[PDB]
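Data first, discussion second: the structure below is written as structure tokens.
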Amino acid sequence: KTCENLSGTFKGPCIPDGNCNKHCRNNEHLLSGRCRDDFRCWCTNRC
């Protein structure tokens, strides 16, 4: 896969709404696009 980190508690947050995939995928259009803060999702893209 490509550069992926979990957005949330560990290694950088994002958004507390829980809509992870739609976030990284809609605005940034990543590969896994799993963006949250209060919640934890892995966004994947090429760094």
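From the backbone N, Cα and C atoms, a Cβ is placed for every residue, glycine too.
According to Swiss-Prot, the disulfide bond annotation covers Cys3-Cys47, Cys14-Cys35, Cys20-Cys41, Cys24-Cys43, on the basis of experimental evidence.
Overlay of Swiss-Prot annotations on the structure.
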residue: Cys3; record: disulfide bond; DSSP (3 states): coil
residue: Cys14; record: disulfide bond; DSSP (3 states): coil
residue: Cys20; record: disulfide bond; DSSP (3 states): helix
residue: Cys35; record: disulfide bond; DSSP (3 states): coil
residue: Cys41; record: disulfide bond; DSSP (3 states): strand
residue: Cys47; record: disulfide bond; DSSP (3 states): coil
Q: Drop a 10 Å sphere on every Cβ of the disulfide-bonded residues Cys14, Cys41, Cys47 and tell me which sphere holds the fewest other Cβ atoms.
A: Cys47
Q: Anything within 10 Å of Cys24 (disulfide bond)? Look among the disulfide-bonded residues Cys3, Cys35, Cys47, comparing CA atoms, and list what you find.
A: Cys35
Q) Counting only other Cβ atoms and using a 10 Å cut-off, which of the disulfide-bonded residues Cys3, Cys20 scores lowest? A) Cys3
Q. For the disulfide-bonded residues listed here, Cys24, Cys35, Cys43, which shows the highest count of neighbouring CB atoms within 10 A?
A. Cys35
Q | Listed disulfide-bonded residues among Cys3, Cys20, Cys41, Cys43, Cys47 whose Cα sits within 10 Å of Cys35 (disulfide bond) | A | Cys20, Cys41, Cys43
**Q.** Integer Å distance between the CA atoms belonging to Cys14 (disulfide bond) and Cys41 (disulfide bond)
**A.** 9
Q. Could you give the Cα-Cα distance between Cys20 (disulfide bond) and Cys3 (disulfide bond), in whole Å?
A. 16
Q: Using C-alpha atoms only, work out the spacing between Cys43 (disulfide bond) and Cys3 (disulfide bond) and round it to an integer in Å.
A: 8
